[PDB]
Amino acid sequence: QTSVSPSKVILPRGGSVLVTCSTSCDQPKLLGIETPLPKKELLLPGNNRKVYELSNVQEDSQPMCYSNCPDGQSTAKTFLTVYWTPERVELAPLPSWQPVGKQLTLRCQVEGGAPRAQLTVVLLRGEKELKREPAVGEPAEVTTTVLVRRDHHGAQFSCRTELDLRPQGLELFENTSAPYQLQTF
């Protein structure tokens, strides 16, 4: 009965997408789409198929097509996913002066970023990875202890986010905070 194409779509936050609602029955009494998103109707055969441009999609949504055929009423849902890199990625303020032999805690804060299911927050010592974790909460915080050694000198520590959309057909988008320099003694 009812069908929608694409059934799944990934688009940048605030973007637009074309959705086609279709129905296989001879005489559709009604065919349309239910969604609160700003919409515009275009024209194909008009009757068995309808095309809509959904615009300024700010967050995930599942618009659904529908058609009332004489045989029965059915629906078809399309899942829209919006992406955007974090609006802010920084390490919580930490004293520059740090006691040798004592423990220090790094805390990264990531505000925003979606889809969260593909966003990872990582803490680094120079170019080395210290911790990796899925981004959870708002802001998404990630923490780790670091035993201050003399080895830790002009070691710059940083936080990085990885929005990996490659499995969706796009790319990995990375972001980095300002570095933190450990001044010991």
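When you see a residue number, it is the position in the sequence shown, counting from 1.
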Higher of the two mean Cα B-factors (94-102, 107-115; per PDB record) comes from 94-102
Comparing 24-32 with 127-135, the higher average Cα temperature factor in the PDB entry belongs to 24-32
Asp60: CA temperature factor from the record, placed by chain third, in the middle
Split the chain's modelled residues into thirds by Cα B-factor; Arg149 lands in the highest
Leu44: CA B-factor among chain residues, third -> highest
For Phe157, the third of its chain by CA B-factor is the highest
Among the modelled residues of its chain, the C-alpha B-factor of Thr143 falls in the third labelled middle
